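The data below hold one chain only, encoded as structure tokens and taken in the form solved without the partner chain.
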């Protein structure tokens, strides 16, 4: 068990492997070796099922990574509409500014995400 495989599981949708790490003692809020938290890796790659599992285990929906980026901003940057919907419906702060100074509204050009914000 190592962080490198944990980050891969969150990125690639391996929910069972993510459940393995958590059941074996992993903290769903710990910033991994890559500089991001589990929610950041799941939201960046649009893993909707992992996002749900992480929040139910107590993951901070607004926690930043090492680059002042929230899980909501990470999902917006790659246009994961369903992930934006789930994070917003769970109370994600839409007013946080990214590392470039723009909020989730100003950072995206996809108007479908802009409507939900």
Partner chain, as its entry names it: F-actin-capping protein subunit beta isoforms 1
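Numbering follows the first chain given and starts at 1.
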Would you tell me which stretch averages the higher CA B-factor in the PDB entry, 35 to 43 or 88 to 96? 88 to 96
Splitting the chain's C-alpha B-factors into thirds, which one does residue 23 fall into? highest
Third of the chain, ranked by Cα B-factor, where residue 66 sits: middle
Please place residue 15 in the lowest, middle or highest third of its chain according to the CA B-factor in the PDB entry. middle
When the modelled residues of the chain are sorted by Cα temperature factor, does residue 57 land in the lowest, middle or highest third? highest
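One more form of this protein should be noted, the form solved in complex with the partner chain, which is absent from this view; the next part is about it.
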Partner proximity in the bound PDB entry: residue 66 to the partner chain, non-hydrogen atom cutoff 4.5 Å: yes
Looking at the partner-bound form in the bound PDB entry, is residue 11 within 4.5 Å of the partner chain by any heavy atom? yes
Should residue 7 be counted as a contact of the partner chain in the bound PDB entry, where contact means heavy atoms within 4.5 Å? yes
Heavy atom of residue 17 within 4.5 Å of the partner chain in the bound PDB entry: yes
